[PDB]
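Naming follows writing order (A, B, C, D, E, F, G, H and I), and every chain is counted from residue 1.
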Amino acid sequence: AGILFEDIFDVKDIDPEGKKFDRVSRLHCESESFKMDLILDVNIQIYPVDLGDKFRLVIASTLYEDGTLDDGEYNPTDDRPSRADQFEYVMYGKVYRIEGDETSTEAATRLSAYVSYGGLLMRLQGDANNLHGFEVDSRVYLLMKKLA
Amino acid sequence: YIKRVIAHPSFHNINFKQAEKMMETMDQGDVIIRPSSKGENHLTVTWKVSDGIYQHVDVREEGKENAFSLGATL
Amino acid sequence: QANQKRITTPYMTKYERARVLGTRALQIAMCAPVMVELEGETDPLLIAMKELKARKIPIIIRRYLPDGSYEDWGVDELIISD
Amino acid sequence: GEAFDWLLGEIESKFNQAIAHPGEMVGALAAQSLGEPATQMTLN
Amino acid sequence: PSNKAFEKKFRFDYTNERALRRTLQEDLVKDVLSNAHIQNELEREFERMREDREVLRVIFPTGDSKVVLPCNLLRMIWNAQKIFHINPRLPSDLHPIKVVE
Amino acid sequence: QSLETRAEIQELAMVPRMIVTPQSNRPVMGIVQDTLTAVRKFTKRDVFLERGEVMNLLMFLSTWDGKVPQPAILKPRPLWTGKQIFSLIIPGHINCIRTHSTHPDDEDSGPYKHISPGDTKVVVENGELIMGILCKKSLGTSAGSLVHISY
Amino acid sequence: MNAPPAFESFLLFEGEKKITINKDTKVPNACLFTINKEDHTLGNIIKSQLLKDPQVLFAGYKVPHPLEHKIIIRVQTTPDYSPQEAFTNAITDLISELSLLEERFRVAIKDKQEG
Amino acid sequence: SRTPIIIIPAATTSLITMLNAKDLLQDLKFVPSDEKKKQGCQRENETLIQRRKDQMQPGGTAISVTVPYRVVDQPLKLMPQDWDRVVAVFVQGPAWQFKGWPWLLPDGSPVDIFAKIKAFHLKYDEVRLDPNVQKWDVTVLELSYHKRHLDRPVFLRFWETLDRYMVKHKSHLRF
Amino acid sequence: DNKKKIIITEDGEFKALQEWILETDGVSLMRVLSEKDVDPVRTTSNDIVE
């Protein structure tokens, strides 16, 4: 499959510290199935989001359901079936940091995975077992779909 | 014969008799490339067919900027 | 100062590089025999740079010590960084 | 282990690159290095 | 750093086996725990660092740690981590005696 | 006037060899004036570029290897960020951390230390501008700037 | 004293070629078209038309120096297509659009003049 | 069999030669062929490479698999199935080496072969890169003449690049 | 801190203590150094010939 994580999130706050950029807003969301915490910068000019919205979020290492990997280069003329077809907002990024509450003697119980989508930053935080596909320097896709 | 500039292991700026003299003590199948008396666009390849027997092959040079240089296509 | 124990730096200095390249280029420009394959090269400085990278410059650097002695280093015995 | 070995080689290389070159006219260089900021500053 | 912090950060701890298992691979852990020559080498390493620290205190009698030196070691370590795809969240195969030597 | 003086100048005094000065062990040249003001705007978090604009800019990148990177936003429309293009400009795989001039003093001790609300922490990792707004502190002549680390 | 003649920006010098074609060797199916004595007018229209072609992966142009009169157009296509073909088809499309526009402008002028 | 094959240039002027190729790829360290001639190593027509690679497995477990690799100095004497098994060849420059191979264009340009299989080029950083190499599509590996600690990263880069491409293209073969 | 007294506590940390210092208008370094209660290790002058 190539899916690292999936859940449904509720938007709980937008730009709590005030708006920092005109076309980008920071979402603070919580998921219900896995109790994950999310901070996500979104291009709201092209994909507007309102308080209390719900969306399905998928983090995938590939867009191809057959699990094939990508070169990381724009391939606009490829027409293989793509996960992106099922989703409205798709970003491509890189894991730049993984933090945890591990001690010198104990493995982490809570992990935080940080991703940069060309400078739009995401922080996915929760129980370490949900975040075991994330590796620093790996490229991921973020798939988002509002649901009513 | 005209001197040339070819930094090849088997190239020697010697006349035919000089090449044979040095080639008598060499092994079978060895090759010595020397300037060709035919002109400035030719090269002579001498190889030892057998002890005491030597074959000279004339190689033409095409596409050279100077006479001493090696032709682009041989 | 017997070259058995040469005590100066085993690296070619930047000043030695500059002057060796210049001197060899002038020699090439004056029809000195070349030490590498020139394939499609004509500028004497570029040829001298090729020879330097090939470790073929036929020049010896004589380094004078403050005491008055000297050490002779073949240009190919020195480490070329830049 | 591999990264550590690469690191040792890199440190040695950079250190040797940092060493002063005989022939360096450090007196003139020091004179310029103190005079230029002097032109940057004021009388009072 | 204070004496306690200095010892905490810089002195290799070859007694705590759980922490060692977190940081080093199993064979290295067994070697570090059992071998006594290695443990003496690590203790000598720390004593050398303690003497260095006293010397530094003499050289910089103020607490100014900012110095001008040739090789940016931290940037080199970061470069090594990236070049060799080091995963920090896994035990390493680098024997601590290999670092000292 | 001679090959020897020409070689001297070439090997000792060309502009690129002079990029770092021994007066203060830092670069003497940085990015100035229009380029500096513009790059600060270019690397803001909300700078998005279309396919055509990206292709034009890549037209002006002499070291470009000819591969268009995957856009940071693929849907609903393909959009590249300023940081992606600038990452294409950065050489090799250098690593550098700096702070933008408007970086708040208490940010590094609160949460969001590694996810800056204002995009005021510059992180170049593996030759890629992951985060942060570039300015004089990152592209100027101060010690430890990006141009210094590149040199 | 060092002023270039004004005609230098649009008159080809003796032996100068209007257009040269080279392969871009970094990537496959990519060509660089160098055009002499042309500027943003042609370069921009040609690039925009090329971007309309779905088999063109990359199209861009630049003037290397404003005091010189050369433009460079870089075109990459899919392997089932050629940058030469894309360039030719782009010029044909632009000519067609201009011809239609001229006809329709003539018709509109006539309507306006009659009443 | 399923062991991949690597083709080295035949000329001795290249920075990689049969004996030197085994050392470079097996140990990921550089040794000039001149040093090996001093050592008097015996050149073999066929050579084997034993590379230890950790296997990506679920649960984080790693098993140091030692997949052999086959190196052929002379590629003409290979059967068609063996030619299919080939996955990598180093280009030393001139094209006359390649002529005589399958999948070669009538003109003589080997671009078809390079499209089908991955081709690298190995040379010192200082040396100007062969224009004939630049026109084709072959990766380039730069080795410092003096610094010997820059070889492990570059040969790791070669192995990683060959892997990535090969797993994408041919998975039946034991990468 | 450039004129504060910097000590190392028994815990091994640098600590800056505020203390009184005197600045003069002229210089008699030898006599001032020999005054009681004057620190003869740190008391200095800005007049290099002295």
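Note that in this section a residue touches a chain if its C-beta (ideal position, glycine included) is under 8 Å from a C-beta of that chain, and two chains touch if they have at least 3 such contacts.
If you want to know which protein each chain is, UniProt gives these names: A = DNA-directed RNA polymerases I, II, and III subunit RPABC3; G = DNA-directed RNA polymerase II subunit RPB11-a.
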| item | value |
| --- | --- |
| Both-way neighbours, i.e. chains that touch chain I and touch chain B | none |
| D-H compared against C-F, more contacting pairs | C-F |
| Per-chain Cα centre nearest the global Cα centre, belonging to chain | F |
| Centre-to-centre distance between chain H and chain E (centres being mean Cα positions), rounded to whole Å | 39 |
| Length of the line joining the C-alpha centres of chain C and chain G, rounded to whole Å | 51 |
| Between chain H and chain G, distance of the C-alpha-averaged centres to the nearest whole Å | 43 |
| For chain D paired with chain F, centre-to-centre distance based on mean C-alpha positions, whole Å | 24 |
| Touching two or more other chains - residues of chain H | 153 |
| For chain I, residues that touch 2 or more chains besides their own | none |
| Residues of chain C touching at least two other chains | 14-15, 81 |
| Touching residues on chain E, where the partner in the complex is chain A | 16, 18-19, 22, 82, 85, 87-89 |
| Touch list for chain G against partner chain F, complex | 24, 26-27, 30, 47-48, 51, 57-62, 72, 74, 76 |
| Residues on chain D engaged by chain C in the complex (per definition of touch) | 16-17, 19, 21-23 |
| Touching residues (chain side chain I, partner chain E) in the complex | 1, 6, 8, 11-14 |
| Chain G partner contacts - residues on chain H that touch it in the complex | 134-137 |
